[PDB]
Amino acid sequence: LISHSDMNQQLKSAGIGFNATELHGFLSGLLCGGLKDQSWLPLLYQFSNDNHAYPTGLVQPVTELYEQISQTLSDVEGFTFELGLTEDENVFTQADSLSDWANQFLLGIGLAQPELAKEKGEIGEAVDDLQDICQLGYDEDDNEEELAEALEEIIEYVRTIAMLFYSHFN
């Protein structure tokens, strides 16, 4: 699998509407909502490229990423799924990235589960929590672990939500 920076650059040079973090969230969202056929391709094209298919050479690593996401979620022995956020050290930039990831995960899972709004219990609470997370606002020049420590826990929670969803919907 190509690196995050590598994917970011191939997507940008092809003029795709998603950066690598957004691609990771959208595809994880479709898989956690239980999508199992090849309809992820036309959905990806509709929502990230104005209905145009990706060029050859980009299609392959993107598809390898899809499969890697799918396999880790089918549980390569409990909890191997990773979010695929920015590698930027600025904690405020990691915050932004998690939010960025969350918007596309919510879009994907909602396309896969058109009646998600009806879910209650823990599934409904997680849906509400991800929606709050994509607008999680911070600031100041902190650059500290204060926000870092907190963020890492929120990240573990989002990984857990991704596992709970995949199980409920697969």
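Numbers follow the displayed sequence, beginning with 1.
Taking the PDB entry as given, 139-147 carries the higher mean Cα B factor of the two stretches 126-134 and 139-147.
Of the two stretches examined, 148-156 and 21-29, the record assigns the greater average C-alpha temperature factor to 148-156. Annotation for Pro114, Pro61, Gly108, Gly34: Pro114 ranks highest, by Cα B-factor. Remark: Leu73 belongs to the highest third of its chain, ranked by C-alpha B-factor as recorded. Per the PDB record, residue ranking by Cα B-factor puts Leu83 in the middle third of the chain.
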